[PDB]
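*Asks:* Handing over coords01.tsv, TSV, C-alpha atoms and all ligand atoms.
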```tsv
chain	number	residue	atom	x	y	z
T	1	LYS	CA	-35.06	23.62	4.02
T	2	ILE	CA	-31.48	24.84	4.09
T	3	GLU	CA	-31.35	28.04	6.14
T	4	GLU	CA	-28.79	30.68	5.22
T	5	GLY	CA	-26.09	32.09	7.48
T	6	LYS	CA	-24.55	28.72	8.36
T	7	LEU	CA	-22.93	25.63	6.84
T	8	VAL	CA	-23.97	21.98	6.96
T	9	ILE	CA	-21.58	19.36	5.62
T	10	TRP	CA	-22.05	15.69	4.86
T	11	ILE	CA	-19.03	13.43	4.64
T	12	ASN	CA	-18.92	9.66	4.90
T	13	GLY	CA	-18.45	7.92	8.23
T	14	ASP	CA	-15.11	6.40	7.34
T	15	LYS	CA	-13.44	9.79	6.71
T	16	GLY	CA	-12.03	12.35	9.16
T	17	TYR	CA	-15.25	14.15	10.12
T	18	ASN	CA	-13.84	15.20	13.49
T	19	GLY	CA	-10.85	16.79	11.70
T	20	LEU	CA	-13.20	18.45	9.21
T	21	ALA	CA	-15.19	19.70	12.22
T	22	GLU	CA	-11.89	21.18	13.45
T	23	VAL	CA	-11.57	23.09	10.16
T	24	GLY	CA	-15.17	24.11	10.78
T	25	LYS	CA	-14.37	25.54	14.23
T	26	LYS	CA	-11.55	27.66	12.79
T	27	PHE	CA	-13.96	28.83	10.09
T	28	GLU	CA	-16.55	29.97	12.65
T	29	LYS	CA	-13.85	31.58	14.76
T	30	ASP	CA	-12.97	33.66	11.68
T	31	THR	CA	-16.36	34.46	10.19
T	32	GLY	CA	-18.74	33.78	13.06
T	33	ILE	CA	-20.37	31.28	10.69
T	34	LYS	CA	-21.61	28.03	12.22
T	35	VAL	CA	-20.40	24.77	10.63
T	36	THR	CA	-22.13	21.47	11.32
T	37	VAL	CA	-20.46	18.31	10.05
T	38	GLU	CA	-22.64	15.23	9.82
T	39	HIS	CA	-21.95	11.69	8.60
T	40	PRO	CA	-25.35	10.08	7.86
T	41	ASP	CA	-25.72	6.50	6.65
T	42	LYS	CA	-26.22	5.78	2.94
T	43	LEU	CA	-24.90	9.19	2.31
T	44	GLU	CA	-24.45	8.68	-1.43
T	45	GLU	CA	-28.11	7.77	-1.81
T	46	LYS	CA	-29.44	10.21	0.81
T	47	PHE	CA	-28.09	13.33	-0.93
T	48	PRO	CA	-29.87	13.04	-4.28
T	49	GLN	CA	-33.11	12.27	-2.42
T	50	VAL	CA	-33.11	15.16	0.03
T	51	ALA	CA	-31.50	17.51	-2.51
T	52	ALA	CA	-34.12	16.57	-5.09
T	53	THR	CA	-36.65	18.30	-2.85
T	54	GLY	CA	-34.34	21.22	-2.16
T	55	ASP	CA	-32.88	20.36	1.23
T	56	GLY	CA	-29.82	18.52	2.51
T	57	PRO	CA	-26.36	19.85	3.51
T	58	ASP	CA	-24.70	22.82	1.82
T	59	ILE	CA	-21.56	20.84	0.89
T	60	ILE	CA	-21.52	17.11	0.06
T	61	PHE	CA	-18.39	14.90	0.20
T	62	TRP	CA	-17.99	11.64	-1.70
T	63	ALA	CA	-15.58	10.08	-4.22
T	64	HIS	CA	-15.93	11.77	-7.62
T	65	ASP	CA	-17.72	8.88	-9.37
T	66	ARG	CA	-21.17	9.85	-7.97
T	67	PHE	CA	-20.98	13.51	-8.99
T	68	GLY	CA	-21.82	13.20	-12.69
T	69	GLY	CA	-25.19	11.78	-11.73
T	70	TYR	CA	-25.77	14.55	-9.17
T	71	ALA	CA	-24.86	17.13	-11.80
T	72	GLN	CA	-27.06	15.44	-14.38
T	73	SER	CA	-30.05	15.99	-12.04
T	74	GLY	CA	-29.22	19.64	-11.38
T	75	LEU	CA	-28.19	18.90	-7.80
T	76	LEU	CA	-24.88	20.79	-7.98
T	77	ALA	CA	-23.77	24.35	-8.55
T	78	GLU	CA	-20.99	24.83	-11.04
T	79	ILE	CA	-18.14	25.95	-8.84
T	80	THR	CA	-16.34	29.19	-9.42
T	81	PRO	CA	-12.63	28.66	-8.75
T	82	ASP	CA	-10.58	31.40	-10.40
T	83	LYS	CA	-7.44	30.46	-12.32
T	84	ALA	CA	-5.24	31.31	-9.34
T	85	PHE	CA	-6.96	28.86	-7.01
T	86	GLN	CA	-7.12	26.21	-9.73
T	87	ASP	CA	-3.37	26.54	-10.13
T	88	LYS	CA	-2.96	25.19	-6.57
T	89	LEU	CA	-4.28	21.75	-7.57
T	90	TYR	CA	-2.97	19.02	-9.86
T	91	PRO	CA	-4.77	19.14	-13.28
T	92	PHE	CA	-5.78	15.47	-13.32
T	93	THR	CA	-7.66	16.00	-10.03
T	94	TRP	CA	-9.80	18.83	-11.47
T	95	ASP	CA	-10.35	16.58	-14.51
T	96	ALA	CA	-11.94	13.98	-12.22
T	97	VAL	CA	-14.57	16.52	-11.20
T	98	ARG	CA	-15.37	17.79	-14.72
T	99	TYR	CA	-18.83	16.81	-15.92
T	100	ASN	CA	-18.85	17.51	-19.66
T	101	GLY	CA	-15.77	19.67	-19.16
T	102	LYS	CA	-17.23	21.92	-16.45
T	103	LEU	CA	-16.02	21.81	-12.85
T	104	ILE	CA	-18.75	20.53	-10.58
T	105	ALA	CA	-16.81	19.91	-7.42
T	106	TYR	CA	-13.52	20.60	-5.63
T	107	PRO	CA	-11.11	17.65	-5.58
T	108	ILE	CA	-9.43	16.86	-2.28
T	109	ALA	CA	-7.44	13.62	-2.46
T	110	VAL	CA	-6.72	10.49	-4.41
T	111	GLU	CA	-7.80	7.13	-2.95
T	112	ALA	CA	-6.80	3.60	-3.88
T	113	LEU	CA	-7.10	0.31	-2.01
T	114	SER	CA	-3.91	-1.52	-0.92
T	115	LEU	CA	-3.15	-4.91	0.65
T	116	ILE	CA	-2.78	-4.36	4.39
T	117	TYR	CA	-0.92	-7.10	6.25
T	118	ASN	CA	0.00	-8.08	9.82
T	119	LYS	CA	3.77	-8.14	9.94
T	120	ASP	CA	3.88	-10.51	12.94
T	121	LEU	CA	1.66	-13.05	11.25
T	122	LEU	CA	2.96	-12.53	7.72
T	123	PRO	CA	6.25	-10.64	7.45
T	124	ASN	CA	6.33	-11.53	3.74
T	125	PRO	CA	2.84	-11.09	2.26
T	126	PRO	CA	1.82	-13.13	-0.81
T	127	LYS	CA	2.59	-11.68	-4.24
T	128	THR	CA	-0.28	-13.59	-5.87
T	129	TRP	CA	-3.95	-14.23	-5.14
T	130	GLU	CA	-3.31	-17.85	-6.12
T	131	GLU	CA	-1.15	-18.56	-3.07
T	132	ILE	CA	-3.72	-17.27	-0.63
T	133	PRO	CA	-5.56	-20.57	-0.14
T	134	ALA	CA	-2.42	-22.45	0.91
T	135	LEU	CA	-1.67	-19.55	3.24
T	136	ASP	CA	-5.07	-19.71	4.85
T	137	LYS	CA	-4.71	-23.43	5.44
T	138	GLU	CA	-1.44	-22.93	7.30
T	139	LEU	CA	-2.80	-20.02	9.38
T	140	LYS	CA	-6.06	-21.75	10.20
T	141	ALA	CA	-4.21	-24.35	12.30
T	142	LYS	CA	-3.21	-21.57	14.69
T	143	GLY	CA	-6.68	-20.13	14.69
T	144	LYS	CA	-5.99	-17.27	12.23
T	145	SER	CA	-7.19	-16.56	8.68
T	146	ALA	CA	-5.24	-15.23	5.76
T	147	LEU	CA	-7.61	-12.60	4.48
T	148	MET	CA	-10.75	-10.63	5.35
T	149	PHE	CA	-12.26	-7.70	3.53
T	150	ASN	CA	-15.67	-6.16	2.95
T	151	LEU	CA	-17.60	-8.37	0.50
T	152	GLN	CA	-20.79	-6.25	0.74
T	153	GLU	CA	-19.41	-3.34	-1.33
T	154	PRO	CA	-18.12	-4.24	-4.83
T	155	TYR	CA	-15.49	-1.51	-4.59
T	156	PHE	CA	-13.38	-3.96	-2.58
T	157	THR	CA	-13.66	-6.91	-4.94
T	158	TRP	CA	-13.28	-4.83	-8.11
T	159	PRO	CA	-9.42	-4.94	-8.11
T	160	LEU	CA	-9.61	-8.75	-8.56
T	161	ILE	CA	-12.47	-8.57	-11.12
T	162	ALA	CA	-10.56	-5.99	-13.23
T	163	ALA	CA	-7.17	-7.76	-12.93
T	164	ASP	CA	-7.55	-10.16	-15.86
T	165	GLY	CA	-9.83	-7.98	-18.02
T	166	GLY	CA	-12.92	-6.78	-16.22
T	167	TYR	CA	-13.96	-3.18	-16.76
T	168	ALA	CA	-16.93	-0.87	-16.15
T	169	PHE	CA	-17.35	1.29	-19.26
T	170	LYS	CA	-14.97	1.34	-22.22
T	171	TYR	CA	-13.49	4.77	-22.98
T	172	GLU	CA	-13.69	5.65	-26.78
T	173	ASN	CA	-13.36	8.95	-28.70
T	174	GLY	CA	-12.90	10.91	-25.51
T	175	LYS	CA	-16.04	9.50	-24.00
T	176	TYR	CA	-17.28	6.48	-22.14
T	177	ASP	CA	-19.46	4.18	-24.20
T	178	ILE	CA	-22.43	3.31	-21.91
T	179	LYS	CA	-23.15	0.27	-24.09
T	180	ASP	CA	-19.62	-1.22	-23.93
T	181	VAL	CA	-19.46	-2.69	-20.41
T	182	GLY	CA	-17.03	-5.35	-19.27
T	183	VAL	CA	-18.68	-6.78	-16.19
T	184	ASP	CA	-19.48	-10.16	-17.74
T	185	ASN	CA	-16.37	-10.70	-19.85
T	186	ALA	CA	-13.87	-13.54	-19.39
T	187	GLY	CA	-11.57	-11.52	-17.14
T	188	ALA	CA	-14.41	-10.33	-14.87
T	189	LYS	CA	-15.81	-13.90	-14.56
T	190	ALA	CA	-12.37	-15.32	-13.81
T	191	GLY	CA	-11.75	-12.84	-11.00
T	192	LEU	CA	-15.19	-13.26	-9.40
T	193	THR	CA	-14.90	-17.04	-9.75
T	194	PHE	CA	-11.64	-17.01	-7.81
T	195	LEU	CA	-13.40	-15.07	-5.01
T	196	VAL	CA	-16.31	-17.50	-4.97
T	197	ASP	CA	-13.86	-20.39	-4.82
T	198	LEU	CA	-12.18	-18.82	-1.80
T	199	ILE	CA	-15.60	-18.84	-0.16
T	200	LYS	CA	-16.55	-22.33	-1.35
T	201	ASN	CA	-13.29	-23.51	0.12
T	202	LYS	CA	-13.97	-21.80	3.45
T	203	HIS	CA	-11.11	-19.34	3.10
T	204	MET	CA	-13.59	-16.43	3.25
T	205	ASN	CA	-17.16	-15.89	4.38
T	206	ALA	CA	-19.78	-14.38	2.08
T	207	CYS	CA	-21.27	-12.40	4.98
T	208	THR	CA	-18.12	-10.41	5.81
T	209	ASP	CA	-18.68	-6.64	5.79
T	210	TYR	CA	-16.63	-3.50	6.53
T	211	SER	CA	-16.98	-3.65	10.34
T	212	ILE	CA	-16.42	-7.45	10.64
T	213	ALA	CA	-13.26	-7.37	8.50
T	214	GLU	CA	-11.82	-4.26	10.22
T	215	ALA	CA	-12.37	-5.78	13.70
T	216	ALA	CA	-10.84	-9.10	12.71
T	217	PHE	CA	-7.75	-7.42	11.30
T	218	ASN	CA	-7.39	-4.90	14.10
T	219	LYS	CA	-7.67	-7.69	16.72
T	220	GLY	CA	-5.03	-9.83	15.03
T	221	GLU	CA	-7.31	-12.66	13.87
T	222	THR	CA	-6.59	-12.29	10.17
T	223	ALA	CA	-3.25	-11.69	8.53
T	224	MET	CA	-4.48	-9.42	5.76
T	225	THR	CA	-7.21	-7.02	4.78
T	226	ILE	CA	-7.95	-4.77	1.76
T	227	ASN	CA	-8.71	-1.19	2.56
T	228	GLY	CA	-7.88	2.45	1.84
T	229	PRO	CA	-5.83	5.07	3.75
T	230	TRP	CA	-8.78	6.21	5.85
T	231	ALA	CA	-8.54	2.87	7.64
T	232	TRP	CA	-4.98	3.33	8.91
T	233	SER	CA	-5.96	5.49	11.90
T	234	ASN	CA	-7.93	2.66	13.54
T	235	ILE	CA	-5.16	0.18	12.87
T	236	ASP	CA	-2.74	2.63	14.52
T	237	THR	CA	-4.82	2.52	17.75
T	238	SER	CA	-4.89	-1.29	17.74
T	239	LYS	CA	-1.91	-3.30	18.90
T	240	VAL	CA	-1.31	-4.61	15.36
T	241	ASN	CA	2.09	-4.19	13.67
T	242	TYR	CA	1.18	-3.65	10.03
T	243	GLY	CA	2.41	-2.99	6.53
T	244	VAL	CA	0.67	-1.59	3.41
T	245	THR	CA	1.70	-2.97	0.06
T	246	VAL	CA	0.94	-3.86	-3.57
T	247	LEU	CA	-2.24	-5.91	-4.03
T	248	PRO	CA	-1.69	-9.57	-5.08
T	249	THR	CA	-1.57	-10.27	-8.84
T	250	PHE	CA	-4.14	-12.49	-10.52
T	251	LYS	CA	-3.16	-14.77	-13.40
T	252	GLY	CA	0.06	-12.79	-13.38
T	253	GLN	CA	-1.74	-9.46	-13.88
T	254	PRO	CA	-1.82	-6.62	-11.29
T	255	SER	CA	-5.05	-6.19	-9.31
T	256	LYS	CA	-6.60	-3.01	-10.74
T	257	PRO	CA	-8.31	-0.95	-8.06
T	258	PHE	CA	-10.82	1.67	-9.19
T	259	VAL	CA	-9.27	5.03	-8.15
T	260	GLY	CA	-11.47	7.60	-6.46
T	261	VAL	CA	-10.89	11.31	-5.80
T	262	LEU	CA	-12.59	12.46	-2.57
T	263	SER	CA	-14.48	15.55	-3.76
T	264	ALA	CA	-16.62	18.33	-2.29
T	265	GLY	CA	-19.67	19.63	-4.12
T	266	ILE	CA	-21.97	22.55	-3.31
T	267	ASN	CA	-25.76	21.92	-3.10
T	268	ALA	CA	-27.53	23.64	-5.99
T	269	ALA	CA	-30.35	24.70	-3.69
T	270	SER	CA	-28.01	26.21	-1.08
T	271	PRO	CA	-28.80	29.73	0.23
T	272	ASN	CA	-25.13	30.11	1.11
T	273	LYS	CA	-22.95	29.07	-1.79
T	274	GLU	CA	-20.62	31.91	-0.95
T	275	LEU	CA	-19.76	30.70	2.51
T	276	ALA	CA	-19.39	27.23	0.98
T	277	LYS	CA	-16.85	28.40	-1.61
T	278	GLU	CA	-14.78	30.24	1.02
T	279	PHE	CA	-14.79	27.33	3.44
T	280	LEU	CA	-13.50	24.95	0.75
T	281	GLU	CA	-11.08	27.25	-1.02
T	282	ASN	CA	-9.77	29.27	1.94
T	283	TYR	CA	-9.90	26.84	4.84
T	284	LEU	CA	-10.15	23.18	3.86
T	285	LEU	CA	-7.86	23.39	0.84
T	286	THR	CA	-4.88	24.84	2.69
T	287	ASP	CA	-1.86	23.19	4.19
T	288	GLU	CA	-3.56	23.54	7.60
T	289	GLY	CA	-7.02	22.40	6.59
T	290	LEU	CA	-5.80	19.19	4.99
T	291	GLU	CA	-3.36	18.51	7.85
T	292	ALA	CA	-6.27	18.71	10.28
T	293	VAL	CA	-8.39	16.27	8.25
T	294	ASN	CA	-5.41	14.04	7.44
T	295	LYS	CA	-4.47	13.91	11.09
T	296	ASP	CA	-7.84	12.35	12.00
T	297	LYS	CA	-8.08	9.96	9.01
T	298	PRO	CA	-5.56	9.75	6.16
T	299	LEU	CA	-6.88	11.50	3.06
T	300	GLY	CA	-5.42	9.16	0.55
T	301	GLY	CA	-2.33	8.27	-1.41
T	302	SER	CA	-1.91	11.83	-2.64
T	303	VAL	CA	-3.70	15.12	-2.18
T	304	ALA	CA	-4.94	17.40	-4.87
T	305	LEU	CA	-3.25	20.45	-3.19
T	306	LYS	CA	0.26	20.74	-4.64
T	307	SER	CA	1.73	22.53	-1.60
T	308	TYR	CA	0.72	19.74	0.78
T	309	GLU	CA	1.39	16.73	-1.49
T	310	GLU	CA	5.12	17.39	-1.49
T	311	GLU	CA	5.19	16.45	2.20
T	312	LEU	CA	2.66	13.57	1.91
T	313	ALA	CA	4.48	11.17	-0.50
T	314	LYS	CA	7.02	10.66	2.29
T	315	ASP	CA	6.21	7.07	3.26
T	316	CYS	CA	5.79	3.44	2.34
T	317	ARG	CA	2.01	3.29	2.83
T	318	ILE	CA	1.51	6.35	0.63
T	319	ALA	CA	3.96	4.86	-1.87
T	320	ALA	CA	2.05	1.63	-1.84
T	321	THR	CA	-1.25	3.43	-2.33
T	322	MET	CA	0.01	5.31	-5.41
T	323	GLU	CA	1.59	2.19	-6.84
T	324	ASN	CA	-1.79	0.44	-6.60
T	325	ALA	CA	-3.47	3.55	-8.01
T	326	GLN	CA	-1.14	3.46	-11.04
T	327	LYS	CA	-2.06	-0.13	-11.79
T	328	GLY	CA	-5.77	0.65	-11.46
T	329	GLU	CA	-8.03	3.06	-13.36
T	330	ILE	CA	-9.69	6.34	-12.43
T	331	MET	CA	-13.43	5.84	-12.01
T	332	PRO	CA	-15.75	7.37	-14.59
T	333	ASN	CA	-18.14	10.00	-13.14
T	334	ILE	CA	-20.91	9.37	-15.77
T	335	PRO	CA	-24.53	9.26	-14.63
T	336	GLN	CA	-24.58	5.51	-15.19
T	337	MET	CA	-22.06	4.82	-12.44
T	338	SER	CA	-24.87	4.47	-9.86
T	339	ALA	CA	-26.42	1.72	-12.04
T	340	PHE	CA	-23.04	0.06	-12.52
T	341	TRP	CA	-22.37	-0.09	-8.77
T	342	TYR	CA	-25.88	-1.28	-7.96
T	343	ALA	CA	-25.68	-4.11	-10.51
T	344	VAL	CA	-22.17	-5.19	-9.63
T	345	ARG	CA	-22.94	-4.96	-5.90
T	346	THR	CA	-25.86	-7.37	-6.38
T	347	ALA	CA	-23.79	-9.67	-8.61
T	348	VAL	CA	-20.88	-10.04	-6.19
T	349	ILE	CA	-23.19	-10.52	-3.21
T	350	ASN	CA	-25.26	-13.14	-5.07
T	351	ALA	CA	-22.23	-15.10	-6.37
T	352	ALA	CA	-20.50	-14.99	-2.99
T	353	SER	CA	-23.55	-16.44	-1.23
T	354	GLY	CA	-24.36	-19.01	-3.88
T	355	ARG	CA	-27.68	-17.39	-4.66
T	356	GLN	CA	-26.54	-17.21	-8.31
T	357	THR	CA	-23.58	-18.73	-10.12
T	358	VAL	CA	-20.80	-16.30	-11.17
T	359	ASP	CA	-21.93	-16.65	-14.81
T	360	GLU	CA	-25.60	-15.95	-13.89
T	361	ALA	CA	-24.77	-13.02	-11.62
T	362	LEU	CA	-22.49	-11.22	-13.99
T	363	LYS	CA	-24.62	-11.87	-17.05
T	364	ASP	CA	-27.58	-10.32	-15.20
T	365	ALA	CA	-25.49	-7.36	-14.06
T	366	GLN	CA	-24.26	-6.70	-17.59
T	367	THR	CA	-27.83	-6.73	-18.90
T	368	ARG	CA	-29.17	-4.48	-16.11
T	369	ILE	CA	-26.43	-1.93	-16.82
T	370	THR	CA	-26.82	-1.89	-20.57
T	371	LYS	CA	-30.51	-2.31	-21.18
T	401	LIG	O1	-18.87	-0.36	-3.50
T	401	LIG	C1	-19.33	0.57	-4.48
T	401	LIG	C2	-18.95	2.01	-4.09
T	401	LIG	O2	-17.51	2.14	-4.30
T	401	LIG	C3	-16.97	3.45	-4.02
T	401	LIG	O3	-17.21	3.84	-2.69
T	401	LIG	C4	-16.08	3.74	-1.80
T	401	LIG	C5	-15.48	5.15	-1.61
T	401	LIG	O4	-14.96	5.59	-2.85
T	401	LIG	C6	-14.35	5.14	-0.59
T	401	LIG	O5	-13.96	6.50	-0.32
T	401	LIG	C7	-14.77	4.41	0.71
T	401	LIG	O6	-15.63	5.20	1.46
T	401	LIG	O7	-15.40	3.13	0.46
T	401	LIG	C8	-16.53	3.18	-0.44
T	401	LIG	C9	-17.03	1.71	-0.59
T	401	LIG	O8	-17.80	1.28	0.53
T	401	LIG	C10	-17.64	4.48	-4.94
T	401	LIG	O9	-17.12	5.78	-4.64
T	401	LIG	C11	-19.17	4.43	-4.66
T	401	LIG	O10	-19.87	5.37	-5.49
T	401	LIG	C12	-19.73	3.04	-4.91
T	401	LIG	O11	-21.14	3.01	-4.52
```
Could I get this file's structure written as structure tokens?
Ligand SMILES: OC[C@H]1O[C@H](O[C@H]2[C@H](O)[C@@H](O)[C@@H](O)O[C@@H]2CO)[C@H](O)[C@@H](O)[C@@H]1O
*Replies:*
Amino acid sequence: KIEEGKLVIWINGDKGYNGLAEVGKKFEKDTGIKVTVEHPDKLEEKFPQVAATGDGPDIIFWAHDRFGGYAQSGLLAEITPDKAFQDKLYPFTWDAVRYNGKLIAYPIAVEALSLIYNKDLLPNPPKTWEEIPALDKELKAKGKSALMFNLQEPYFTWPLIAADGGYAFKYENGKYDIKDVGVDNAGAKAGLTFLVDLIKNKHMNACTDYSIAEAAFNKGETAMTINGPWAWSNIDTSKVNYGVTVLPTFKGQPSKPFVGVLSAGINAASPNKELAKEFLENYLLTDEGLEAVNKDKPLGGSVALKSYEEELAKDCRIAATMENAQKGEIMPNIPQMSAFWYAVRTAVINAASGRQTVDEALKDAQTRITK
């Protein structure tokens, strides 16, 4: 079970859990309350499993898209931020964590993928996906590749799929229509086909994952990668001179990354919702709390806390992140998002490996999602 008198927090392994732990230390120093920050694997799947039985951490961190499903299952406590505290955050961020209008989590920061390039290898990154193959050819001769990014999580390929028309759920009458899905439409198939062609042509490898792509970029083997702000810290420690910019266009349209808002929810079965609410509202969501997390791993292109965001939008990488966010779309938080990601994950992995054709893979995904 979840014992009272302390705080357990789950946050994904790619975020600043050491910096969050630092906010935890300051919390314990002030209240005597113990804070344990953990980053277990398959976090987004682990939480509804362990919390379905009544255990798990007291606070759960993840992008806002997974929260509607948690809420749907009664896994989250409606949060109780008073108007004063709500005033401290941008309205569209609270909106991201509204499930049927009610606040079900605290928003922390806005995330969007950008094109990250090695300035020594490519001082002038490509403006289009279509020029990437020629680029790879030229770089291959010197033992480098043009681009490597995680092909095992659809989040990373989605910008390309959405670029010429692909979409998850259509928004209509102030609501997402769970039967109007755009995963198998002409634009989605065109984007995924381009990706498969990159692989067929040996410009990318279907097996590439988050670790393989990060190591290749950080060791200077590949000129470009696609990743979010959280990844900048590790690049900073490498010897790579890099830039962060607008994603390549596809068929003349902007890549459209799905925008996520890192959010913190409170376990419905928690014996200490009070200590949770104070930790999040009075420690984490302060200029000092965010600085401590941000200092370990960048929080995103913008933060939900107005006082801190003013400072943040001070540089080119942040600018690039928000420019890509503006061309993308905020993710829905509906309960069907889990199904959408599962089906699209399988489709991209199957098309990339040749297990299914793009048309088979996406048709199947569309059916799985809507049946
Ligand atoms: O790949 C599907 C996956 O995409 C998103 O997860 C992102 C997350 O938002 C980022 O903060 C970062 O950690 O990378 C993840 C992808 O590996 C959705 O938030 C998630 O629900 C979905 O399963």
*Asks:* Can I get the residues of range 259-318 of chain T within 12 Å of range 43-56 of chain T, each with the closest pair of atoms and their distance in Å to one decimal, using all atoms listed in the file, sorted chain first then ascending number, as CSV?
*Replies:*
```
residue,atom,partner,partner_atom,distance
T:265,CA,T:47,CA,11.0
T:266,CA,T:56,CA,10.6
T:267,CA,T:51,CA,7.3
T:268,CA,T:51,CA,8.1
T:269,CA,T:54,CA,5.5
T:270,CA,T:55,CA,8.0
T:271,CA,T:55,CA,10.3
```
*Asks:* Ligand LIG 401 (chain T): which residues are within 10 Å, counting all atoms listed in the file, as a PyMOL selection string?
*Replies:* chain T and resi 11-15+42-45+61-67+109-113+150-158+209-210+227-231+258-263+299-300+331+333+337-345
*Asks:* T:250, T:149, T:232, T:167: which is nearest residue 211 in chain T, counting only C-alpha atoms?
*Replies:*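 Closest candidate: T:149.
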*Asks:* Between T:264, T:254, T:145, T:89, which has the minimum distance to residue 213 in chain T (counting all atoms listed in the file)?
*Replies:* T:145
*Asks:* Rounded to one decimal in Å, what is the spacing between CA of residue 80 in chain T and CA of residue 9 in chain T?
*Replies:*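 Going from CA of residue 80 in chain T over to CA of residue 9 in chain T, I get 18.7 Å.
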*Asks:* So what do you get for CA of residue 198 in chain T versus CA of residue 132 in chain T, distance-wise?
*Replies:*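 A separation of 8.7 Å between them.
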*Asks:* Could you produce a table of the residues of range 252-357 of chain T lying within 6 Å of range 16-21 of chain T, with the nearest pair of atoms per residue and their separation in Å rounded to one decimal, using only C-alpha atoms, ordered by chain and increasing residue number, as CSV?
*Replies:*
```
residue,atom,partner,partner_atom,distance
T:292,CA,T:19,CA,5.2
T:293,CA,T:19,CA,4.3
T:296,CA,T:16,CA,5.1
T:297,CA,T:16,CA,4.6
```
*Asks:* Can you put N, CA and C atoms back into range 114-130 of chain T and show it as a short mmCIF file (atom, residue, chain, number, x, y, z; two decimals), keeping the file's coordinate frame?
*Replies:*
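Now in selection02.cif:
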```
data_model
loop_
_atom_site.label_atom_id
_atom_site.label_comp_id
_atom_site.auth_asym_id
_atom_site.auth_seq_id
_atom_site.Cartn_x
_atom_site.Cartn_y
_atom_site.Cartn_z
N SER T 114 -5.21 -0.82 -0.93
CA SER T 114 -3.91 -1.52 -0.92
C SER T 114 -4.08 -2.81 -0.13
N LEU T 115 -3.09 -3.70 -0.19
CA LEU T 115 -3.15 -4.91 0.65
C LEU T 115 -2.53 -4.50 1.98
N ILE T 116 -3.27 -4.69 3.06
CA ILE T 116 -2.78 -4.36 4.39
C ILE T 116 -2.55 -5.67 5.12
N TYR T 117 -1.31 -5.87 5.58
CA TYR T 117 -0.92 -7.10 6.25
C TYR T 117 -0.28 -6.96 7.66
N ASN T 118 -0.48 -8.01 8.44
CA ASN T 118 0.00 -8.08 9.82
C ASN T 118 1.41 -8.60 9.77
N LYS T 119 2.38 -7.73 10.01
CA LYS T 119 3.77 -8.14 9.94
C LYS T 119 4.19 -9.26 10.90
N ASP T 120 3.50 -9.43 12.02
CA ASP T 120 3.88 -10.51 12.94
C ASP T 120 3.43 -11.83 12.39
N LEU T 121 2.23 -11.84 11.82
CA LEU T 121 1.66 -13.05 11.25
C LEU T 121 2.22 -13.37 9.87
N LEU T 122 2.44 -12.34 9.07
CA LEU T 122 2.96 -12.53 7.72
C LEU T 122 3.98 -11.47 7.37
N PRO T 123 5.24 -11.65 7.78
CA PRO T 123 6.25 -10.64 7.45
C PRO T 123 6.51 -10.51 5.96
N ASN T 124 6.16 -11.53 5.19
CA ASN T 124 6.33 -11.53 3.74
C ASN T 124 5.00 -11.87 3.08
N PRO T 125 4.14 -10.87 2.89
CA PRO T 125 2.84 -11.09 2.26
C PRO T 125 2.94 -11.71 0.87
N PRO T 126 1.90 -12.46 0.49
CA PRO T 126 1.82 -13.13 -0.81
C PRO T 126 1.83 -12.18 -2.01
N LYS T 127 2.56 -12.55 -3.06
CA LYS T 127 2.59 -11.68 -4.24
C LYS T 127 1.44 -12.01 -5.20
N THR T 128 0.79 -13.14 -4.98
CA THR T 128 -0.28 -13.59 -5.87
C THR T 128 -1.54 -13.95 -5.13
N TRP T 129 -2.71 -13.79 -5.77
CA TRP T 129 -3.95 -14.23 -5.14
C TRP T 129 -3.93 -15.76 -5.06
N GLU T 130 -3.30 -16.39 -6.06
CA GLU T 130 -3.31 -17.85 -6.12
C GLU T 130 -2.65 -18.58 -4.95
#
```
